[PDB]
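Structure file protein-v5.cif (mmCIF, C-alpha atoms (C1' of nucleotides)) is printed below.
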```cif
data_start
#
loop_
_atom_site.group_PDB
_atom_site.id
_atom_site.type_symbol
_atom_site.label_atom_id
_atom_site.label_comp_id
_atom_site.auth_asym_id
_atom_site.auth_seq_id
_atom_site.Cartn_x
_atom_site.Cartn_y
_atom_site.Cartn_z
ATOM 1 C CA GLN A 16 -27.071 41.902 2.578
ATOM 2 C CA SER A 17 -28.433 38.885 4.445
ATOM 3 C CA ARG A 18 -27.523 37.688 7.926
ATOM 4 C CA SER A 19 -26.304 34.364 6.506
ATOM 5 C CA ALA A 20 -23.423 36.079 4.700
ATOM 6 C CA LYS A 21 -22.389 38.140 7.730
ATOM 7 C CA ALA A 22 -22.733 34.986 9.850
ATOM 8 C CA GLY A 23 -20.919 32.834 7.286
ATOM 9 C CA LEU A 24 -23.872 30.447 6.985
ATOM 10 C CA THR A 25 -24.625 28.717 3.692
ATOM 11 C CA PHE A 26 -28.194 27.746 4.574
ATOM 12 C CA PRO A 27 -30.804 30.547 4.457
ATOM 13 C CA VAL A 28 -31.646 31.924 7.888
ATOM 14 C CA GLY A 29 -34.581 33.877 6.468
ATOM 15 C CA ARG A 30 -36.113 30.875 4.710
ATOM 16 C CA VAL A 31 -35.846 28.745 7.853
ATOM 17 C CA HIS A 32 -37.317 31.571 9.938
ATOM 18 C CA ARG A 33 -40.291 32.013 7.601
ATOM 19 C CA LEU A 34 -40.823 28.246 7.501
ATOM 20 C CA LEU A 35 -40.922 28.274 11.306
ATOM 21 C CA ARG A 36 -43.319 31.236 11.416
ATOM 22 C CA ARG A 37 -45.882 29.537 9.165
ATOM 23 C CA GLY A 38 -45.036 26.042 10.427
ATOM 24 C CA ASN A 39 -47.564 26.360 13.298
ATOM 25 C CA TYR A 40 -44.944 25.793 15.994
ATOM 26 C CA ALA A 41 -45.064 28.823 18.310
ATOM 27 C CA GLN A 42 -46.518 32.318 18.051
ATOM 28 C CA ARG A 43 -43.271 33.757 19.470
ATOM 29 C CA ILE A 44 -39.958 32.791 17.851
ATOM 30 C CA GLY A 45 -36.594 34.156 18.909
ATOM 31 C CA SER A 46 -33.868 35.150 16.483
ATOM 32 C CA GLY A 47 -31.626 32.352 17.766
ATOM 33 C CA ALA A 48 -33.850 29.525 16.543
ATOM 34 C CA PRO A 49 -33.420 30.155 12.771
ATOM 35 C CA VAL A 50 -29.643 30.609 12.961
ATOM 36 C CA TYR A 51 -29.277 27.543 15.193
ATOM 37 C CA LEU A 52 -31.423 25.519 12.788
ATOM 38 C CA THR A 53 -29.439 26.661 9.753
ATOM 39 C CA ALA A 54 -26.170 25.792 11.496
ATOM 40 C CA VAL A 55 -27.299 22.305 12.517
ATOM 41 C CA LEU A 56 -28.709 21.495 9.069
ATOM 42 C CA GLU A 57 -25.504 22.770 7.457
ATOM 43 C CA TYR A 58 -23.392 20.545 9.714
ATOM 44 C CA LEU A 59 -25.559 17.468 9.125
ATOM 45 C CA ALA A 60 -25.688 18.012 5.362
ATOM 46 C CA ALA A 61 -21.925 18.554 5.201
ATOM 47 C CA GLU A 62 -21.231 15.323 7.085
ATOM 48 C CA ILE A 63 -23.714 13.314 5.010
ATOM 49 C CA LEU A 64 -22.396 14.710 1.723
ATOM 50 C CA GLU A 65 -18.785 14.037 2.720
ATOM 51 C CA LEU A 66 -19.575 10.422 3.608
ATOM 52 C CA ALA A 67 -21.574 9.936 0.400
ATOM 53 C CA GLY A 68 -18.745 11.413 -1.656
ATOM 54 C CA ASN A 69 -16.296 9.061 0.041
ATOM 55 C CA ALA A 70 -18.547 6.117 -0.816
ATOM 56 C CA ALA A 71 -18.768 7.367 -4.406
ATOM 57 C CA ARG A 72 -15.028 7.876 -4.866
ATOM 58 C CA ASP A 73 -14.079 4.490 -3.437
ATOM 59 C CA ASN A 74 -16.186 2.908 -6.222
ATOM 60 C CA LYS A 75 -14.283 4.532 -9.133
ATOM 61 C CA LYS A 76 -17.023 7.151 -9.588
ATOM 62 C CA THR A 77 -17.099 10.945 -9.574
ATOM 63 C CA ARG A 78 -20.861 11.102 -8.901
ATOM 64 C "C1'" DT B 1 -35.227 -28.735 45.181
ATOM 65 C "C1'" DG B 2 -34.709 -28.108 50.363
ATOM 66 C "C1'" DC B 3 -32.571 -26.245 54.625
ATOM 67 C "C1'" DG B 4 -29.716 -23.070 58.460
ATOM 68 C "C1'" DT B 5 -28.495 -18.758 58.753
ATOM 69 C "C1'" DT B 6 -27.403 -13.889 57.994
ATOM 70 C "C1'" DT B 7 -27.340 -9.788 55.821
ATOM 71 C "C1'" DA B 8 -31.042 -6.536 55.250
ATOM 72 C "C1'" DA B 9 -35.353 -4.106 53.552
ATOM 73 C "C1'" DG B 10 -40.092 -2.245 55.601
ATOM 74 C "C1'" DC B 11 -41.669 0.308 58.745
ATOM 75 C "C1'" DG B 12 -43.042 4.242 62.590
ATOM 76 C "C1'" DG B 13 -41.506 8.975 63.368
ATOM 77 C "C1'" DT B 14 -38.697 13.944 63.421
ATOM 78 C "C1'" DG B 15 -36.516 18.276 62.219
ATOM 79 C "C1'" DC B 16 -35.267 21.067 59.189
ATOM 80 C "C1'" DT B 17 -33.926 23.527 54.679
ATOM 81 C "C1'" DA B 18 -32.802 23.404 49.665
ATOM 82 C "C1'" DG B 19 -36.079 23.890 46.666
ATOM 83 C "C1'" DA B 20 -40.637 23.927 44.093
ATOM 84 C "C1'" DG B 21 -44.433 27.230 43.093
ATOM 85 C "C1'" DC B 22 -47.328 31.800 42.615
ATOM 86 C "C1'" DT B 23 -46.870 36.987 42.010
ATOM 87 C "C1'" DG B 24 -45.817 42.652 40.755
ATOM 88 C "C1'" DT B 25 -42.607 45.081 37.200
ATOM 89 C "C1'" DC B 26 -40.499 46.984 33.532
ATOM 90 C "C1'" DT B 27 -37.582 46.260 29.725
ATOM 91 C "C1'" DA B 28 -35.828 43.980 26.206
ATOM 92 C "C1'" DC B 29 -37.885 42.512 22.094
ATOM 93 C "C1'" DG B 30 -40.329 40.680 18.653
ATOM 94 C "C1'" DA B 31 -45.281 41.180 15.432
ATOM 95 C "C1'" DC B 32 -46.580 43.858 11.213
ATOM 96 C "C1'" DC B 33 -46.363 46.858 7.415
ATOM 97 C "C1'" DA B 34 -44.286 50.662 2.903
ATOM 98 C "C1'" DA B 35 -40.222 49.638 -0.011
ATOM 99 C "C1'" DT B 36 -36.372 47.581 -2.638
ATOM 100 C "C1'" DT B 37 -33.320 44.681 -5.013
ATOM 101 C "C1'" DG B 38 -30.855 40.518 -5.375
ATOM 102 C "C1'" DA B 39 -30.450 35.872 -4.863
ATOM 103 C "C1'" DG B 40 -33.433 31.769 -5.988
ATOM 104 C "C1'" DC B 41 -35.262 30.005 -9.804
ATOM 105 C "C1'" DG B 42 -37.287 28.595 -15.034
ATOM 106 C "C1'" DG B 43 -35.063 27.285 -19.314
ATOM 107 C "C1'" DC B 44 -31.274 25.569 -22.523
ATOM 108 C "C1'" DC B 45 -27.423 23.041 -24.909
ATOM 109 C "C1'" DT B 46 -23.274 21.112 -24.547
ATOM 110 C "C1'" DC B 47 -19.024 18.135 -23.648
ATOM 111 C "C1'" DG B 48 -17.047 14.942 -19.998
ATOM 112 C "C1'" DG B 49 -18.346 11.347 -16.984
ATOM 113 C "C1'" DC B 50 -20.672 7.176 -17.468
ATOM 114 C "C1'" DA B 51 -22.711 2.546 -19.572
ATOM 115 C "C1'" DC B 52 -21.413 -1.624 -21.640
ATOM 116 C "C1'" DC B 53 -18.570 -4.843 -23.967
ATOM 117 C "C1'" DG B 54 -13.484 -6.842 -25.471
ATOM 118 C "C1'" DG B 55 -8.762 -9.256 -24.204
ATOM 119 C "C1'" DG B 56 -5.992 -11.469 -21.341
ATOM 120 C "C1'" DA B 57 -3.783 -12.245 -16.517
ATOM 121 C "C1'" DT B 58 -5.371 -14.034 -12.578
ATOM 122 C "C1'" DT B 59 -8.006 -16.880 -9.223
ATOM 123 C "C1'" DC B 60 -11.174 -20.116 -8.107
ATOM 124 C "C1'" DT B 61 -13.404 -24.795 -8.336
ATOM 125 C "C1'" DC B 62 -13.735 -29.622 -9.908
ATOM 126 C "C1'" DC B 63 -12.753 -33.645 -12.910
ATOM 127 C "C1'" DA B 64 -10.488 -38.560 -13.198
ATOM 128 C "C1'" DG B 65 -6.495 -42.476 -12.884
ATOM 129 C "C1'" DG B 66 -4.039 -45.519 -9.281
ATOM 130 C "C1'" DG B 67 -2.782 -48.230 -5.267
ATOM 131 C "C1'" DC B 68 -5.315 -49.997 -0.760
ATOM 132 C "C1'" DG B 69 -8.191 -56.165 0.964
ATOM 133 C "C1'" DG B 70 -12.760 -58.915 0.008
ATOM 134 C "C1'" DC B 71 -14.886 -60.612 -2.874
ATOM 135 C "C1'" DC B 72 -19.410 -64.810 -5.757
ATOM 136 C "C1'" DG B 73 -18.709 -67.657 -11.090
ATOM 137 C "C1'" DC B 74 -17.067 -71.994 -11.791
ATOM 138 C "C1'" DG B 75 -16.099 -78.015 -11.688
ATOM 139 C "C1'" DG B 76 -16.073 -82.100 -9.758
ATOM 140 C "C1'" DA B 77 -17.130 -85.284 -6.647
ATOM 141 C "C1'" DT B 78 -19.166 -89.436 -6.096
ATOM 142 C "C1'" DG B 79 -23.787 -90.263 -3.882
ATOM 143 C "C1'" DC B 80 -29.013 -90.708 -5.453
ATOM 144 C "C1'" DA B 81 -31.418 -92.517 -8.633
ATOM 145 C "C1'" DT B 82 -32.192 -95.076 -13.053
ATOM 146 C "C1'" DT B 83 -31.591 -99.052 -16.223
ATOM 147 C "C1'" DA B 84 -30.602 -102.974 -19.235
ATOM 148 C "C1'" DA B 85 -28.202 -107.879 -20.062
ATOM 149 C "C1'" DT B 86 -28.130 -112.092 -17.566
ATOM 150 C "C1'" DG B 87 -28.580 -116.293 -13.922
ATOM 151 C "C1'" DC B 88 -32.266 -118.305 -11.911
#
```
Structure translated into structure tokens:
Amino acid sequence: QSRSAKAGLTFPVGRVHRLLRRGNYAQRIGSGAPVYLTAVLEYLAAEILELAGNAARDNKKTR
DNA sequence: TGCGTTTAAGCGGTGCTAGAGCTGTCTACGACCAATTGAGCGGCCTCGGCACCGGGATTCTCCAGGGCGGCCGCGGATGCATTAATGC
């Protein structure tokens, strides 16, 4: 099983971590950076999607 | 813009201590590689959401007729000029 499931995170911690590793950012990356990044992206995406869905539903649309 | 004044920074100088800066040490702690499988992903075919127009109710804008105080066409005078029969 992946850490995202045991941490209840929808976004992939492993994918973010491997993006950071090959993203020429720092040679040493702690385990907290990928989980923090996944959490913040999940929060931002959730808020944006909720607002967009509100804007869609107030215009008689389901998309 | 110009002036009297007054509240006030700029400045010379001190004693420190909370705090910035360089240095061993080990101890957490991640870099890297067999090995797997399981979730991300390529492809597909459909029905429900969506695109666009119809029929009226509704809402919006915009048209003209009617009662308000000043008008510019006209007619006649009666003077300016002309004119013809007659006394001289």
Checklist line | Result set, the PyMOL selection byres ((chain A) within 12 of (chain B)) on current file, as a list in words | finding: residues 16, 17, 20, 27, 30, 36, 42, 43, 44, 45, 46, 75, 76, 77 and 78 of chain A
Is it possible to get the axis-aligned box enclosing stretch 4-7 of chain B (all listed atoms, 8 Å extra per side) as AutoDock Vina command-line options, with centre and edge lengths in Å rounded to one decimal?
```
--center_x -28.5 --center_y -16.4 --center_z 57.3 --size_x 18.4 --size_y 29.3 --size_z 18.9
```
Margin query: To one decimal place in Å, what is the distance between atom CA of residue A:67 and atom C1' of residue B:53?
Written below: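 The value is 28.7 Å.
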Notebook entry, point to check: Could you state the separation of atom CA of residue A:49 and atom CA of residue A:29 in Å, given to one decimal place?
Noted result: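 Interatomic distance, atom CA of residue A:49 to atom CA of residue A:29: 7.4 Å.
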Next item on the list: Measure the distance from atom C1' of residue B:37 to atom CA of residue A:51 in Å and round it to one decimal.
Entry: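 Interatomic distance here is 26.8 Å.
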